[PDB]
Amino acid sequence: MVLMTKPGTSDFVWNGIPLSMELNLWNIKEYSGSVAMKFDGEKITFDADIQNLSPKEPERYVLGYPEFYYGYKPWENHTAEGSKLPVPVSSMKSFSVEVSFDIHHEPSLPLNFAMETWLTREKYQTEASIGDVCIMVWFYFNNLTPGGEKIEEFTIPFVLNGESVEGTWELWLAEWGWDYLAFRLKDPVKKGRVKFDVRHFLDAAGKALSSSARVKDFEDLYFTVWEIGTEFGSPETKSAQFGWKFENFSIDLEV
């Protein structure tokens, strides 16, 4: 059992895969109340009942992103030992990700269930800047839209509860300190099991950024990490009650 009740990171191994869990309240300046994140060998759970919230920077909009991840998260300069990432995007033949999840939250809270990676020019950067890319995949959202603006839609297959389906994904793009691309599933799923190949999203992103003047050689960027978690909160959020459970996690990176 790994149990955290304050912001921090812990490495763990689940089904033979080395991972990191981060009770991530990155944009919260202050709060009162409770947070708890736990891994017990079969599932990872997170619960929060916090109040008196204020952001470190409202321009960033969200307040936090409790999560777990496989690989190297640039911002924390951290990877658990034994990860196959980072690798150049061009070396990835396929990268299957599967996980069961159940998200619960008070109705008014801005929240998503989103996975993400950071594509960087150098292998072990400690930040993203111009030339780098953040790609997110949102399977659920409540009172929250992605940053930037919606520019396209893509039809990308995934397996939902064991059944192959074709999802329709909106692609939202923002040019900030780095390029932000968020694919948002149009029929969000709040509880279920999903399995999909990240390569489809990398392919769509590479097409969308083909005429970019900021992102130069997409396929030469390093795919550093795969994060799974829930962003939550807006600049007006003063309290947050929500949590989640993730189970049945597996990956298959073919390089």
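The first residue of the sequence shown is number 1, and the count goes up from there.
Across the two stretches, 24-32 and 63-71, the PDB entry reports the greater mean Cα temperature factor for 24-32. Stretches 110-118 and 167-175 differ in mean CA B factor, with 167-175 having the higher one. As recorded in the entry, 83 carries the highest CA temperature factor of 77, 100, 83, 143. Placement of the Cα temperature factor of residue 183 within the chain: lowest third of the modelled residues, per the deposited record.
Among the modelled residues of its chain, residue 224 has a C-alpha B-factor that falls in the lowest third according to the deposited record. Per-chain ranking of the deposited C-alpha B factor places residue 16 in the highest third. In this PDB entry, the Cα temperature factor of residue 247 sits in the middle third of its chain's modelled residues.
Compared with the other modelled residues of the chain, the Cα B-factor recorded for residue 51 ranks in the middle third.
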